[PDB]
Each structure stands twice: as structure tokens, then as C-alpha cells.
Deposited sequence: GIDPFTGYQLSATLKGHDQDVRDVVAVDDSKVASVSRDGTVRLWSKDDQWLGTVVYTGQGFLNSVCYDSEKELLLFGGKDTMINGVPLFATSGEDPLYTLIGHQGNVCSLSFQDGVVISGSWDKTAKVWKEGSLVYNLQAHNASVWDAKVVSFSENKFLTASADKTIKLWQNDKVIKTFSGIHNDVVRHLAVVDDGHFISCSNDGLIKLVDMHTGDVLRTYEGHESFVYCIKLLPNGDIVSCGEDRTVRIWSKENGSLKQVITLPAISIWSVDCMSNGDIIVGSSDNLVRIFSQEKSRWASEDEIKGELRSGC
């Protein structure tokens, strides 16, 4: 390992950046409480364009790589989609059904899965609601596909539990992982996931036994987002102004990146290993291990 260093600072949003996504190694997208979706493209420098504007806060984004749509949602309860060539002012693709803030979005293998403060996650295919995952007693902060072919899904909630679903039924509840709001999930494989929480912890969990296999300790506040890098390492971020990189296999805290923002809301990983970061200073940042891409 060698440390990540700042590659680019992407300025344009006027309020917090709440979610970021890699589109490809030359394109990233972000959404913000400013109500915009921005697509940033790298030529020599990164240039941002607004591909959608609305009044409602946007809190989640993902990328449907076959339709080449940026999907996004937030306070107005809708999930919309725009192409990579949309212009601000054009009406958006719409997934209707949530009754509260859409706080998470993910896409895998043709499946969109959304988490909401309406206390549900919803699973969508071909523009249509297939499963309503209704069971949690409080906001669903995250939802992920475990297996598209088995219709297995994983949700994380303010009710302090993680639930594994098959179809629209809960088949297992993990109530012993965190004693606080669960904020995010990353599926390692069919048999393991990582979760993070307002308790400041990230944990690797055996999906079959519910055993905590490893705890990654160090964040000093809430942990809002976790992702797996191409090499399997964990990237996390949160309320303590940090982005952190961990060895999934042995728990080592490989790097702490401290930023001048009160909250770091979101991270995502490019295929080339670069890390995209959305924060409360209204910036998107890209970090890289590759010196050829360092801002310095």
C-alpha cells in the first residue's frame, strides 16, 4: 500500500454533496441538497455539467450501466433517471412508490434497489416495482442486492437491525451487530457483508451465522458510507471529517484522510481504484494512489 492523494477538486454544487457514483474512469456523478445532479467528465481536467435540476433535496444516486441512466432520489419521494447527455430543465424515467425520502439507491444486474425514510426498501426492474420490502420499524438507510438470481436483498435501518430478504419476505434479522442506527451496507459475497453505523463502527458479518467476524474501529462519530475497493479493501467515511481505508482481511487502518468539511456523506470507487468523495463543503473530490493523477 501507498497512500491516496488528492487528484481533483470538483466545484459546482451549492449545498452538501450527499451521494456520488462512478460512471467510468472518466466520468463521475453527484447529487446534492442544491437539487441538482451533476456529471463530471475528465478530458485533461474535470468539467462538471448539470444534467438535472429540481427543487427537492437529492440524497441518493446510482448508475444503470445498460440503459446509461443516472438514477437519483431524495426528499420528494421519487426516483428519476436521466441520460448522460440530459440538460438541466428537461423533464427526466420515473420510479414511483416511496412515501418518504429516498436515502439510498443501488443498481445491480438490472435491479434497482432503494432505501427510504418511509421505512421500506423497494426493488425495481424494468421501471416497475417488483418487491416492497416492508418490515423495519424505522427509516431504511441502505438497501443492497445480495443475489439477483435468488432475489435476496439486504437492508439496514434506524431500528438498529439489518434484514436479509428473499422476494418480499424477511428470512433473517441481524439484531446483534450494532446497538445504534445502521447506516450502510456492502455485500462482499453471498455469505458475507459489511455494515456501518452511527455507533462509529464497521463490522464484517457472516450472513449465515450472524457472527461478527471483524470490527473496524476508529471513526470518532457516525459512519455514513462504506464501499469495497477493487482489491477488496474497505473505504469508509463519516461525521468525523474522515475518509478511511482499511484492510478487510486483517483490520489494519491503512490511511486516514481528514477533510475541511463537517461531514463526509459519501464515497464510491472507480474501477481503477480511485476514490470519489462527497462532503458537506459542497465539494466532490477524487483521490488516487497513482502519482500521475495527483493534483500536486
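Coordinate coverage of the deposited sequence is interrupted at 1-4, 97, 302-313, where no C-alpha atom was modelled.
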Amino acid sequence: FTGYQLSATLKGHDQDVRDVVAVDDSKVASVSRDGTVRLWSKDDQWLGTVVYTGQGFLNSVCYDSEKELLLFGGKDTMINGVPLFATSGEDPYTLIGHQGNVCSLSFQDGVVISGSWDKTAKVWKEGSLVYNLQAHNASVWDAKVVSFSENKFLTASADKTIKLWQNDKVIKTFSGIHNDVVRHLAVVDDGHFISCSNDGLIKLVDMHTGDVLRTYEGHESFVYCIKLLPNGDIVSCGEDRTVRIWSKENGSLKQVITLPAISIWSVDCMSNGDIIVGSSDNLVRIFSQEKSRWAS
From here on, numbers count along this sequence of modelled residues.
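When the mean C-alpha temperature factors of 47-55 and 265-273 are read from the deposited coordinates, 47-55 comes out higher. The mean Cα B-factor in the deposited entry runs higher for 244-252 than for the other of 24-32 and 244-252. When the C-alpha B factors of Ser221, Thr155, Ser195, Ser116 are read from the deposited coordinates, the top value falls at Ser221. Comparing the C-alpha B-factors of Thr173, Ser106, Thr87, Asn132 in the entry, the top value falls on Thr87.
In the PDB entry, a CA B factor belonging to the middle third of its chain's modelled residues is recorded for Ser139.
In the PDB entry, a CA B factor belonging to the middle third of its chain's modelled residues is recorded for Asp64.
Remark: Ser236 belongs to the lowest third of its chain, ranked by C-alpha B-factor as recorded.
Sort the modelled residues of the chain by CA B factor and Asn80 lands in the middle third. In this PDB entry, the Cα temperature factor of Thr9 sits in the top third of its chain's modelled residues, the highest group.
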